[PDB]
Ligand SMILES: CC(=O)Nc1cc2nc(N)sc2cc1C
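The chain that follows stands alone, in the form solved without this ligand, written as C-alpha cells.
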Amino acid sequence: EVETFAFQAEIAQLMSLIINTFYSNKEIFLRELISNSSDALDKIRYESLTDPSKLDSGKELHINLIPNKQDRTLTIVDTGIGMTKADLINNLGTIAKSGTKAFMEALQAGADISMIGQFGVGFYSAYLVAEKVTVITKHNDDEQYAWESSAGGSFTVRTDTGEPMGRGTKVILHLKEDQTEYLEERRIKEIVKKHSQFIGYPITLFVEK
C-alpha cells in the first residue's frame, strides 16, 4: 500500500533549483548526509543516557558507506534515532520550509550554496547526484518505512517489507548516469577526508566485488 504525497511548493522549488542550477561542487552531498547521520546518532545516544532500553534495537552507533556499481547506488547507513512516519510526511518538511526561505535569502546576502546544511535542508542536496532517493528508516516508536522520490513534486511512503533495520536510517542514492565517480573508493575516501574528518562515529567505507 503506497501513499503518494505532494511536496510543499517551497520544497519542490528548492529541489528544482538543486537539480537545474549549474553548480560543479556536487561532492558536498556526502558531507551533508554524513552530518545528518551524525546528528541522528547524537540524538539516540543522548536519549539512551536516561533510558538505556532505547538501545535495545541496537547498541552500535556507526555510519556505513556502501557503493554498488551493478545497481549504480551509493548507500549511507546509520544506526541513529531514525525517523517516524510523521517525520517523513510532515515534521521534516515543516522545518525545511523556513530553512529553505532563509537559505534563499542568505544566498542573496553573502552565503554560499555549500552552506545549505546550516539551514536544515542539506538532505535535499542528495539530488545533486541522484535521480532517485530511497530512504529506509526505523524509529523506536514507529514501524519501518520506505520514503522515495524522483523529485517532480511528489514523494511516496510505504511500510517496508524488506530486511528489518533494528533502528536508524538508510539513504539509497540512485546515481545519475554521469555521477558514477561517487562509487569509486578513492573518490569517496577523498571526500570523507576533506569534509568529514572529525565525525565522532566510525565511518566504514565498504568495498565492492
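Don't overthink the numbering: it's just position in the shown sequence, from 1. If you superpose the two forms and keep the largest set of C-alpha atoms that fall within 1.5 Å, you have the rigid core.
Keep in mind that the form solved in complex with this ligand is not shown, yet the notes after this line are about it.
Only one of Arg158, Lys43, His174, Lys54 gets a heavy atom within 4.5 Å of this ligand in the bound PDB entry. Which one?
The residue from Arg158, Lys43, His174, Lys54 that makes the contact is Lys43.
State yes or no: in the bound PDB entry, is some non-hydrogen atom of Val129 no more than 4.5 angstroms from a non-hydrogen atom of this ligand?
Output for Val129 is no: heavy atoms all beyond 4.5 Å of this ligand.
So, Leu74 and this ligand: in the bound PDB entry, are they within 4.5 Å at any heavy atom pair?
No, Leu74 is distant from the partner.
Give, in sequence order, every residue of 85 to 124 that has a heavy atom within 4.5 Å of this ligand in the bound PDB entry, or say none if there are no such residues.
Heavy-atom contacts to this ligand in the bound PDB entry: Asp87, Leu92, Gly93.
Residue among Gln118, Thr75, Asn91, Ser114 with C-alpha shift of 2 Å or more between the shown form and the other one, core superposed:
It is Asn91.
Answer with closer or farther for the CA-CA spacing of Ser35 and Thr94 in the bound PDB entry compared to the shown form; it moves by 3 Å or more.
Relative to the displayed form, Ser35 and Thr94 draw closer in the bound PDB entry - a change of at least 3 Å between their C-alphas.
Classify the change in Cα distance between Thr94 and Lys170 in the bound PDB entry as closer or farther, relative to the shown form (magnitude of 3 Å or more).
Closer: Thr94 and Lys170 approach by 3 Å or more in the bound PDB entry.
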